[PDB]
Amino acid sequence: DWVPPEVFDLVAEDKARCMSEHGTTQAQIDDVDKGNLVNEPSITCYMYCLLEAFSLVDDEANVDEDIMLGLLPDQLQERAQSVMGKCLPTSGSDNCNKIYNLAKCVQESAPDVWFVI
């Protein structure tokens, strides 16, 4: 498991805020974590919200590739560059939908390392 244990407490406050803002349930997060994605704002806006909180996306859901790469371990760098080559730029009807399309692309491209917290 590539995910380090330190991340969980780091994101806790923002996670709670994002869920509350968007009406997100833990069940929805569990679902997307297992790779099942639907275009429901309560989960897609949650994903945008959490990325935004950690400066991974801007005000139009453009991904900051440098920041993203900086967060990922060494063994995932080339794979991420490859996945980002495929999945960026983001597109969609709004910020949450951009993130839905991105999540679908990333999950399909790298299912074995996919996760959502």
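Just count from 1 along the sequence shown to find any residue number. Just so we're on the same page, rigid core means the largest C-alpha set that superposes within 1.5 Å between forms.
Per-stretch RMS Cα distance to the displayed form in 5 other deposited structures of this protein, following rigid core alignment, is highest for 71 to 79 when 71 to 79 and 55 to 63 are compared. After superposing on the rigid core, the larger RMS C-alpha deviation in 5 other deposited structures of this protein belongs to 105 to 113, the other candidate being whichever of 15 to 23 and 105 to 113 remains. The stretch with the higher mean CA B factor, choosing between 31 to 39 and 46 to 54, is 31 to 39. Looking at 12 to 20 and 104 to 112 together, the entry lists the larger mean B-factor for 104 to 112, computed on C-alpha atoms.
When the modelled residues of the chain are ordered by their C-alpha B factor, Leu71 lands in the highest third. Sort the chain's modelled residues by C-alpha temperature factor and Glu60 lands in the lowest third, per the entry. Remark: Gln26 belongs to the lowest third of its chain, ranked by C-alpha B-factor as recorded.
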